[PDB]
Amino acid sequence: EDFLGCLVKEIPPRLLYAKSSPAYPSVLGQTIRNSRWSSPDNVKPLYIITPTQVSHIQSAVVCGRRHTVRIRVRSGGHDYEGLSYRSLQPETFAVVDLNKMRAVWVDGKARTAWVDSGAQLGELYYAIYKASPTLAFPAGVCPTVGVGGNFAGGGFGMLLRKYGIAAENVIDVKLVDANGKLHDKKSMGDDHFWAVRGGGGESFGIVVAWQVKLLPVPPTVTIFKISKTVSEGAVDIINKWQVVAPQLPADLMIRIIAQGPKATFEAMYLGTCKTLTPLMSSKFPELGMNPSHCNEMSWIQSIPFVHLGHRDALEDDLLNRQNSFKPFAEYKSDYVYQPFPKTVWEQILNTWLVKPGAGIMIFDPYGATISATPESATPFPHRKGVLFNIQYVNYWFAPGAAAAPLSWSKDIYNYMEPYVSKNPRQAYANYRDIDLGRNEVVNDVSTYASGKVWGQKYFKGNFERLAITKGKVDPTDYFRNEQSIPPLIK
């Protein structure tokens, strides 16, 4: 009652939604990307606030502190467990939803931009393009992902070998802390500014906007997508790829998608067919690439082409707030430091990817720039020595069809354990997986011991510094969820 009362004093009421409000279901559902989490059995927010100004965010936080109602912040809503808009167990929370704060201001000459957290990646990329055809930013591949969560958790895509992760190309932020105070880099200090750029969403406050450096790309890039069935020698080719791809020049990224006994090699090359063809011949002739495979286009055109296979619909693919694709979905991830034996590739392609409920596996090679940053330089620790990341993706489309996919996801994670990283078994924070572990709350504070179980998997040796920073900026654990950094205080 009095939390809502506090909000109405400071924030335009058209931006406030209670469960009884007629628009509440629409506002709640607008950026839910996973049908597992939209159904009525999920725990719902007591209130939703859709700020349009930074002062609205500050007022919401001050009200939540005064009346002890916690806030989950949502930008693009892609959280794999939905923790930006649901809780796992019954509890009271408000959602602060940033979708209306979506400005992108590009300074093409300075090669910098200010980007609101509620902007989607496609909108960031398109705004950069409206300014220059030869500037880029290295974040995710999916245009509807929100800037807020993508940058907070790291963020990587087809430029990761050239330029590393999104978070290490951030040069300032505008942030509201757990006391409602407005911060930038200078007022936050080294620890807090280090933590917020890759240490995971929610934990370190609400980032309102990010200042980024914009990076050069040539006017023409080249994409290919070359598939090999097991009959065409997929196992021998991918067994070579895992050693070669992490060692290729920074200008060339070759990722793999597999969903059966067949591997599709997708390359982004910062250059032309003319130079790519000989490079492939010299370094990876086993793939059988030739000039007919090349698709030359601008960097901006490469974003819908890689993600959707589209060449012809730039605005529609990058400026898209319809929220049409809502699979039921499960996700896991791994990091690989040692080459798989050929027999493991045999098993993955011929056996694991031909089971009931089998999903899709995506393999991103590291090396080059992402691996040159020291492990502790940012909170993202998956750097030197990483050959490739694996994402295990399961989609299904009817409510009662979950059992086989969920079982496959668990079974293949168990199968892969001996061949992937261990002690800890590393995972990417933005591929959130609650089965890696969740927090325990004691005296209303997330415990350090419970955070450490999953926290070492996402952040390896950076977890303790994250928790000590959390203790300094949010000792009462105001901004939290079931898998957020717990405070470690003296």
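One rule holds for the numbers: they count along the sequence shown, beginning at 1.
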property	result
Between the two ranges 418-426 and 460-468, the one averaging a larger CA B factor in the entry	418-426
Comparing 435-443 with 22-30, the one whose average Cα B-factor in the PDB entry is higher	22-30
Selection by C-alpha B-factor (highest) of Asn150, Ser324, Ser84, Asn99	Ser324
C-alpha B-factor winner, where the candidates are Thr264, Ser333, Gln338, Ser75	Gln338
Among modelled residues of the same chain, the CA temperature factor third for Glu10	highest
For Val69, the third of its chain into which the C-alpha B factor falls	middle
Third of the chain's Cα B-factor distribution that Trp114 belongs to, per the entry	lowest
Assigned third (lowest, middle, highest) for the C-alpha B factor of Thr369	middle
Lowest, middle or highest third - CA B-factor, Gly189	middle
